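Below, chains carry the letters A, B, ... as their sequence lines are ordered, and counting in each starts from 1.
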Amino acid sequence: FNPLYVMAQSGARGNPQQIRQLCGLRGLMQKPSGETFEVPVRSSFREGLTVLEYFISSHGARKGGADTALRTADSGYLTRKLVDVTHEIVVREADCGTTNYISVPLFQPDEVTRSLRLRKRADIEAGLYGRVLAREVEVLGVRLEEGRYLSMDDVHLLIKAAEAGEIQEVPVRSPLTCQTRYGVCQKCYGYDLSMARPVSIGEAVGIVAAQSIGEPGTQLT
Amino acid sequence: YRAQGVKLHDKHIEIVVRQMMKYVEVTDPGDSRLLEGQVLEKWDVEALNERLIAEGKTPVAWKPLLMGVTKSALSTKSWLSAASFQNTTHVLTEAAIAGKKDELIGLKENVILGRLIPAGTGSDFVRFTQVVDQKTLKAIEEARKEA
Amino acid sequence: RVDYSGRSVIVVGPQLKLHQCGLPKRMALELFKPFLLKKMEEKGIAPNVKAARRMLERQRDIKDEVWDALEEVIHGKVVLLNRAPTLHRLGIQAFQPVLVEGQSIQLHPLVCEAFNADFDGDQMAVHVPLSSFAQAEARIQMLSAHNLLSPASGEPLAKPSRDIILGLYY
Amino acid sequence: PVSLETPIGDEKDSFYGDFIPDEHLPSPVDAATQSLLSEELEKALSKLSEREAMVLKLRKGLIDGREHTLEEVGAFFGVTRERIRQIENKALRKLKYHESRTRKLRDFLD
Amino acid sequence: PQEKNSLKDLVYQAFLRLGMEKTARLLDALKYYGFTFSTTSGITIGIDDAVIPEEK
Amino acid sequence: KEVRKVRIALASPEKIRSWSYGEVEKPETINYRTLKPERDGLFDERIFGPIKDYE
Amino acid sequence: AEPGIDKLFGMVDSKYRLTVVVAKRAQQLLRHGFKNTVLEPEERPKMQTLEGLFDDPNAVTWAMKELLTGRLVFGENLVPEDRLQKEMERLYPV
Amino acid sequence: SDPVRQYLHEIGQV
Amino acid sequence: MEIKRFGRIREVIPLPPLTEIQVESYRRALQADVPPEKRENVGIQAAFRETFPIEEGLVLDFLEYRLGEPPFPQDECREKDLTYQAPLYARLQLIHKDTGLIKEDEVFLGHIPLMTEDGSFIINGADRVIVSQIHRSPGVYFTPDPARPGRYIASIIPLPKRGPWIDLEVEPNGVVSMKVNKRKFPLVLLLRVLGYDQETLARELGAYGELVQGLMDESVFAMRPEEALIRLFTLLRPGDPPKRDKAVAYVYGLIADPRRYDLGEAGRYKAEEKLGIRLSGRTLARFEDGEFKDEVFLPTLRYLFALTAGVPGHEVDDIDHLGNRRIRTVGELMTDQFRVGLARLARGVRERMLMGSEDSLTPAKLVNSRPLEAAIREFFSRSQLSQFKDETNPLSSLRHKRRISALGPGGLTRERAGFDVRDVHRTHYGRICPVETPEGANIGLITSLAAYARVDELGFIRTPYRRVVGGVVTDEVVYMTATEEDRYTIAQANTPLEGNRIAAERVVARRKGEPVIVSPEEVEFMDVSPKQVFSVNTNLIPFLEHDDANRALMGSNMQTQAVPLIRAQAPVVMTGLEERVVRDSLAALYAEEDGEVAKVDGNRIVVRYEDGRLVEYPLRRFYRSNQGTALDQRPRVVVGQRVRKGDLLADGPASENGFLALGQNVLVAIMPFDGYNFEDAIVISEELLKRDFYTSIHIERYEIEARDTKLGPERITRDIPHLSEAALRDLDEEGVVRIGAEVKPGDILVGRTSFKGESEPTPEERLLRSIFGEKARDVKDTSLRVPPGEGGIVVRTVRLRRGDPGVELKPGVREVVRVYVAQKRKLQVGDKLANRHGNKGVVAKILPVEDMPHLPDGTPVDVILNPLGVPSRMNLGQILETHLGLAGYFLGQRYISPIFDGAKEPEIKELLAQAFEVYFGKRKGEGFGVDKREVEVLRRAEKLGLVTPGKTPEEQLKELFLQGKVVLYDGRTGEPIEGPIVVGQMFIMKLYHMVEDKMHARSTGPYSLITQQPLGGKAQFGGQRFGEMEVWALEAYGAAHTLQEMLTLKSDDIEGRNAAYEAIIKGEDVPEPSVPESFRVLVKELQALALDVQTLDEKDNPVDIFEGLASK
DNA sequence: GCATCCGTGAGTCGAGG
DNA sequence: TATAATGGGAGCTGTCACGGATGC
RNA sequence: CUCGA
Ligand SMILES: [Mg+2]
Ligand SMILES: [Zn+2]
């Protein structure tokens, strides 16, 4: 029930490295060249640093600041570019009638190149959640019909099926294969993620995409 | 994004990437007025090709093209959008020479003219919807009924 | 740049409901001025509009009743709160304003994450949607309490954090 | 004269011209005040007979944009100039009475 | 114990099962009780709370 | 009528002259003591229109 | 959240259609001084004054509440515009 | 490129 | 109260004069106290020497200059909005070579701004500061070619705008190229012009491996220096007729002319040290005996070849090393602008010498001083480095004077500033603070001089070190440049010493920045103090060693934004610098010598010194600083008091008995509180308001002019049309508000009438006029009123009238009136608070006292800070402070805890035990035992492992107290917080960011000229900008009508906005918008570019958006 | 077919002056 | 309205990525 | 330009 511990564990405040710097050691530091100093700070913030340790840490702190500062502008610029390239894209109709689609893989080649291994849960979710099945899928004695919007439970089911070897990829409607002019159709887009239900016709999904991609731009290190 | 612990759905990135693959390059004009090496929209060349095919002509041989978001944005059909983006001079000169007509399809063009954007409540799919109470509706239905 | 707009320092407002914000009385008096003039004419507060306006021109001439009138003016209406940089659509949200004494805007804690806003000096702009159409759009599509899940990921964006999590965990 | 494009902070920040209000075009408030004035004046004029209201309008220029002489209005209604002047006077008198009664036009006098 | 992830999942499930009105009310309840309990919890920060482990 | 399109094109000398309400012949702006627009200059009311409404 | 927002969203094929309906209805109410309301006297939205409960001045609130009753009809091409205008003017003059 | 230089050259011709 | 100080490091030297970087620099530039004939060839003297003589009367020469006394004193200059300046006279003589005639005269050149005692200027009434600029030092550099590994670039850099940058490179084809003004040409040619033969170059550069063969060109050696010279002139000046004397003039002016080319003394020195040569002057070559003579080129080429080959003792240069970056201080910058102005003056002089009578020319006739005055005025008014002085508090001014900028004229253009320029270089140690820099785009580009640092005469920054000989530390202090420092092994200041001998066998040191463990035998020097590493601001943060640098940056920066309070206190925990800051900032008044205080007043202190002389010190009272904060001095002595030299006479703003007082010492509790301190928000007690803590005085200045117009004169008067006695109540007879009147928004400060514009009354106005029978007045109300959200008490009026003594306004202006309005600002919800450790937050809630958490003795806390603001910020200093604060609260004492030499945990534990005895022993004496609630909390604490089970309640409570924690009762319930809470004294400041200055709202208001869009800014009653991204947000919501409304009715649609306002005041719904005016503007501006933009309907038929108004 | 010179972008809002 | 007069004078330059004519 | 988020 220690304060730092409770805050870190609950998710209220703090991560392991910050806690470590408070209680353990400050650790290794970089030179202004990116090169790392051989001698780490053995002191924590509790114990207090020496002036030399503080000065050595300043290089890294400053580099971090300059990095952030230079990152916000490139991120804003990128966002404006994305907005200008996507702005006309709107959900204009219910269904373009395409029979084209993409296949989202549930497995990926390992770096060992030994075989294929199941992709991470979050990745599969980010590729499947709220999407419309482009073909009938039959797994674990369950029918997932063509035209079905994949709920999170459907995704988890598909993951289970993949683990049992019943499926390696999922046929899905996608903006990539949508044949709607100047936009996408409802089926190829899938869920309005903010409402966990099919997207309303008229939604400016291009703008939403640009913002969705641009927003975490300043978190990318 | 995954590396940074950011959760982002694939379909947004797919929207953008689809915008990056919007254009093609002519490898052979065929029975068309197009030129070899001419860059145009995939949609337009496919429409042209189905038109020539339905006419019994030779379709246009085209190669897929990839371009970055900047160039794709500048290569758009709408001169207002492009000019308001950047390279204003270039865009305006080419559009002026071509006598280009902006059909106000997207959001920026409409924003510039202060029009109602073709999205949300301004979508053609919803903005013509009417509302009427049953009293008024019946009072109208009787007027229709007597004529 | 736009009319019917303002800005001020933001404050926490824990007591507020998800769909509410705290709007300073004087800010509201300026932002909703024509509505207030009309309403003041409707009641006995002023003979006509011009008299009401001249009356609001000097602070020492402003009497208590005009505040009550103001309360009737804002009833059911929403304002838009905006924090720059506006990185995604949730950098603008609609809220039903509650009039407060003081000069700070009160912002709900659960919406902070979306506006990337905290209380170390942050400021926020306020805008008044005028027409019935703009108000309908704001109350239906942009209301904070109707926008709980992220458009980017589909995950909850309005959710417990900080002290809230701390208490519940405890 | 000085340039409207003189920079205030730096070239990428602000221009002197940005700080200069347009004094020519009427504000929304002014326009609405003029509108309410016209409406209230018509309201007050409706309490008169058509001839006295019309005589007042012609004599003050609310019709064709210009104020006619007593001879022009008189010739228009087919009466003596003295007659039309007397009609204008009784019209004004009634307006003053009604105004003293309702006080609806005072606030527009600034 | 209720923490960030379980509370997030609770909010999402509540959204799915009950709709946004009820979910909004749930959010305000969680807010109120969370603040209330955090107040009297006893959570604070002193220099001795930054515990150096001997192992170090 | 409703605006549906916006075209942009080169302007011919004749088109430009069709736009014009008069030629600006003098590099003058306003008069140094009356502060009124000079004749045939960049602010001439003869060309560009009246400074005051209906006057 | 707006009372019954989930049901309202359930009533339309697109949320924006809901917004359009609510807005146009609000305008209809404002144009006819609420005399054309489909709400019974007990269903009328109220606002607490200094004196007491009065009618809610907010026409959007009214519109949404009316929409929740099912007594309103919406869709495209229900009636020529001018005919609607004239009939509503006849039933409830301004 | 420089109009003054150009003019001084053209002048230098006579 | 007693002040206990910790630490064992004995500072050998005190801090230098903290503003000397300004004062000494300007003093050096002016040389005003130096009799003319003794002046050095530096500063403005050097400027004169460069400009004169002016030849082709035939000669105008300079003898000397003098500076007179200021025509007006500083305060008067602040009042009348004048520049504080001194008249400059130059003694010139005109000589005709043929006639031999000599005319001599002293000519007036205008005025030069003088620096005040504190290092600042007064320019047009406002205090300004010339910020020092960091740049690359002049000299000869060698860097690795980024394209060709193994190849190097030589760069000869002179002073800014004192010659072009010249580059020497070895081309892929082997030839050695020279680049000047972006022109690549074979260096061999220039070498030939300099008078070098193939023999000399062969014997001089033959050692290197074949490089010299890229230098060998027969066609160049086959021609004498003249032909080579003309060839070069053709290679550099295409089109220009290759005349001999023109080539000579151009090349001389490019390479040899000292009036045009100038390495600094620093550049000369560096070139000499690097190339191992000696320069006669500061140019690259000379013109001696009709020919050119080399000085720098051959040695530079020699070094370049040697470095390329691999010859030992040759290295590239780190350009960010502080031995290669120097500081241009105010003296140098001003001198540069002075030099420019003088050059223009000289051109004017020659121009006048060509004209006029040739026999009747005096120096006065030839000299027009206008361009010089213009250059000076331009420098002090509109230069980038000339900044509006920050004087929110004295520390603000002090810090502002010690700032260093990499930007500015001749400096780095931003976004071309990569990570390198912004980095903390190893050589910054002791010279430039690694902490104090802005957040955001300016990071690393604006910095601060370290506390012990001094800029030397060459402009390089130096830091002090102590000499160490045989493990013995002397009191001999040496100030070194970074270049010098790189030669030695330098021990840390905290190295254990017994007497003057190093007591450890392993000592921590630096060698070229690299940390290394050495024996005392190896130690050559030792740091003076930890203080020397950081700026003055960072040196004010106690327990700095426990704070992460990112938050230290914030606390440091935020100290400058602190507002002087009416009851300001020095911190309970200080670093020991708080007195020097007050003294050096010239805030407070100190006794000049020993003596006795004769008179003490709120306005003045009279002191009788030992000499017997009576010195009267007037006290500045309720004066307005640049930022509107109060500047006043309070007497701190009493009548008859005996004072010694340097003793305090009066406390300035933010000063408590000579100690820097940037805020308040408040009792804080570290705990969450009902969401009111969520995400950095802060909860405070109403008790703070009750006893005027965080109350600050602010003065605003309002101004109004009455001028002559073509329609009649404006005038200040009380006779304002159509206003009641109620509205004119506080106006005096002349139409100016009275002293002492309370003014509110809408109230008139100064009455003014203006003759109406030529009114053609609309028929409505005519009819209404007839109805009410009142003549429309000739003049109208144009009075100065209190703006929305402002007001207070009128404290001063100033009236300047034309036709009155000492008064002459700008042309047409009849009179100017100024009204000063003071307000006493209490802390409110939304005001920004901060501590020195980077903890900041706005007040979110002000609680009544009975709601505050309180100690068992009934004492309520003042401030509640959230613990969640600590772990991820890693600024534990604020915690330690709090602990010490706790002790200090019960012992009634203050502490000096030096950075890196501060109090340690055990000592704080001792003090907390001592304080516990006072806190609890008193209770047990008063006849009270332990409380039930305390027992409950103790049970919980036992569960938390905070106290040892088995001990008595007192022993456990004592353990908690030693952990800095106490039992706290909830004021609302009387029940204890379930855990013990960290409580203690903390120093918190109120920052200048007050919500009163920030709240702003607009319905309608002024619009712009061309765009017809609302103006921006609170002052113009402006509207918020709804930018591209906000638009994107609305688009993403599908809020089409809201957006269109923003685009049209709300901004730039004239018919739309008018109709919208009218509809709303009528209670009708707003109408459908139409075309935004800025689109019409766009169309017209495209037409002006000869482009035809046409709005068409679906049938491709034109639609007129100008409604026929623009079609003939 | 491949190095060279030129023109152009480089986050937001807000504040002061 | 007439002695004769005849080719200027600025110029510190620490970023980066792309489309382009080009032009090596 | 400097400051703020
Ligand atoms: Mg913040
Ligand atoms: Zn589709």
Side-chain angles (χ1 to χ4, degrees), chain A residues 69-81 214 217-218, chain B residues 68 70-71 86-87 89-90, chain C residues 7 9-10 82-87 91 116-118 120-125, chain D residues 7-11 13-14, chain H residues 2 4-5 7-12 14, chain I residues 126 131 135-136 138 157-165 180-182 240-241 253-254 260 319-320 347 382-388 390 400 403 405-418 420-421 438-442 446 557 560-561 626-627 832 991-993 997-998 1000 1016-1019 1024-1030:
Chain A
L70 297 185
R71 184 166 58 248
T72 69
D74 291 345
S75 186
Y77 193 22
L78 177 62
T79 300
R80 203 172 93 88
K81 301 187 219 180
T218 54
Chain B
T70 296
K71 191 184 175 186
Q86 57 177 60
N87 269 90
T89 285
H90 182 77
Chain C
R7 76 187 293 100
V9 178
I10 60 167
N82 166 240
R83 182 188 172 269
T86 310
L87 301 178
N116 195 26
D118 55 26
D120 56 4
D122 292 37
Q123 294 179 239
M124 268 191 187
Chain D
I8 298 298
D10 77 50
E11 306 124 355
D13 207 285
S14 267
Chain H
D2 179 22
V4 175
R5 174 170 291 191
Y7 180 77
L8 291 184
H9 178 75
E10 295 177 358
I11 248 52
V14 177
Chain I
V131 169
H135 70 140
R136 292 193 60 192
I157 301 177
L159 284 173
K161 296 214 172 191
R162 300 262 67 205
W165 288 21
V180 187
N181 298 115
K182 284 171 291 297
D240 208 309
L254 187 85
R260 284 207 47 218
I319 69 176
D320 291 323
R347 186 234 148 174
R382 269 159 291 278
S383 171
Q384 170 119 144
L385 299 160
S386 182
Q387 302 178 353
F388 194 66
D390 184 20
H400 200 177
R403 299 246 81 179
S405 178
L407 309 161
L412 287 158
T413 150
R414 207 173 329 183
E415 299 145 15
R416 333 290 176 82
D420 300 340
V421 290
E439 300 175 52
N442 278 332
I446 307 305
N557 281 340
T560 79
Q561 301 174 336
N626 273 9
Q627 285 70 30
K832 192 169 176 172
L991 306 188
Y992 186 59
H993 305 279
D997 298 315
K998 301 193 168 185
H1000 172 55
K1018 179 172 174 180
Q1024 297 304 308
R1025 178 165 168 84
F1026 206 72
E1028 295 190 53
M1029 306 172 73
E1030 289 71 43

Measure from NE2 on I/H400 to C1' on L/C1 and round the result to the nearest Å.
->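 My rounded result for the distance is 10 Å.
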Using whole Å, report how far CG of I/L159 lies from P of K/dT13.
->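 Spelled out: CG on I/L159 to P on K/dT13 is 13 Å.
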Might you list the N or O atoms of the protein lying below 3.5 Å from N or O atoms in nucleotides 17-22 of chain K, with each pair's distance?
none

Kindly write out the residues that satisfy salt bridge (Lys or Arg N to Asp or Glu O under 4.0 Å) with [X], not counting sequence neighbours, or none if the list is empty.
{"X": "I/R414", "answer": "none"}
{"X": "C/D118", "answer": "none"}
{"X": "I/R1025", "answer": "none"}
{"X": "I/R162", "answer": "I/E50"}

Looking at [options], which one has an atom nearest to any side-chain atom of [X]?
{"X": "C/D120", "options": "L/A5, L/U2, K/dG9", "value": "L/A5"}
{"X": "I/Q561", "options": "L/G4, L/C1, K/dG14", "value": "L/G4"}
{"X": "I/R416", "options": "K/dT15, K/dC12, K/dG9", "value": "K/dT15"}
{"X": "H/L8", "options": "L/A5, K/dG7, L/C1", "value": "K/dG7"}
{"X": "H/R5", "options": "K/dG9, K/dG11, K/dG14", "value": "K/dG9"}
{"X": "I/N442", "options": "L/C1, L/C3, K/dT13", "value": "L/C3"}
{"X": "I/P241", "options": "K/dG9, K/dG11, K/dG7", "value": "K/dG7"}

Sequence neighbours left out, what passes ring pair (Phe, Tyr, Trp, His ring centres under 6.0 Å) with I/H1000? Give chain and number order.
->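 Ring pair (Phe, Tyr, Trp, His ring centres under 6.0 Å) list for I/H1000, sorted by chain: I/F1021.
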Between [N] and [M], how far apart are the two [atom1] atoms, rounded to whole Å?
{"N": "J/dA10", "M": "K/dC18", "atom1": "P", "result": "15 Å"}
{"N": "K/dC12", "M": "J/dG17", "atom1": "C1'", "result": "29 Å"}
{"N": "K/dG11", "M": "J/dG14", "atom1": "P", "result": "37 Å"}
{"N": "J/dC5", "M": "K/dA21", "atom1": "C1'", "result": "10 Å"}

With a non-hydrogen cut-off below 4.0 angstrom, is [X] in contact with a base, only sugar-phosphate, or nothing?
{"X": "I/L385", "result": "nothing"}
{"X": "I/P438", "result": "sugar-phosphate"}
{"X": "B/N87", "result": "sugar-phosphate"}
{"X": "I/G410", "result": "base"}
{"X": "I/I446", "result": "sugar-phosphate"}

side-chain contact (heavy atoms from CB on, under 4.5 Å) with [X]: which residues, sequence neighbours excluded?
{"X": "I/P164", "value": "I/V180, I/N181, I/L254, I/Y261"}
{"X": "C/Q123", "value": "C/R7, C/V9, I/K998"}
{"X": "I/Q627", "value": "I/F388, I/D390, I/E391, I/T392, I/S625, I/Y992"}
{"X": "H/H9", "value": "H/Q13"}

Does a distance-only test, which skips hydrogens and angles, find a donor-acceptor pair under 3.5 Å between the side chain of I/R162 and the base of K/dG11?
->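 A donor-acceptor contact between them is absent.
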Six-membered ring stacking of K/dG8 and K/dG9, under 5.5 Å, under 30° |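 Yes, stacked.
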Check whether any side-chain nitrogen or oxygen of I/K832 sits under 4.0 Å from OP1 or OP2 of L/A5, and answer yes or no.
->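 So the side-chain polar atoms of I/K832 do come within 4.0 Å of the phosphate oxygens OP1 or OP2 of L/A5, strictly under.
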Under 4.0 Å: is that the gap between some side-chain N or O of I/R414 and OP1 or OP2 of L/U2?
->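 Yes, I/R414 has a side-chain N/O under 4.0 Å of OP1/OP2 on L/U2.
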In what stems does DNA chain K take part, counting only runs of at least 3 consecutive Watson-Crick or G-U pairs whose two distances fall under 3.5 Å?
->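 The stems that DNA chain K takes part in number none, since no run reaches 3 pairs.
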For A/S75, does its backbone N or O pair with a side-chain atom of A/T79 as donor and acceptor, under 3.5 Å?
->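 Flag set: sc A/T79 to bb A/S75 pair under 3.5 Å.
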Partner nucleotide of L/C3 by Watson-Crick or wobble geometry (both distances under 3.5 Å) |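 In the structure as shown, L/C3 has J/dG14 as its Watson-Crick or wobble partner.
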Table of protein N/O atoms under 3.5 Å from nucleotides 11-17 of chain J N/O atoms:
{"residue": "J/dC13", "atom": "OP1", "partner": "I/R1025", "partner atom": "NE", "Å": "2.8"}
{"residue": "J/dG14", "atom": "OP1", "partner": "C/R1", "partner atom": "NH1", "Å": "2.6"}
{"residue": "J/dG14", "atom": "OP1", "partner": "I/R1025", "partner atom": "N", "Å": "2.9"}
{"residue": "J/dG14", "atom": "OP2", "partner": "C/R1", "partner atom": "NH2", "Å": "3.3"}
{"residue": "J/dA15", "atom": "OP1", "partner": "I/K1018", "partner atom": "N", "Å": "3.3"}

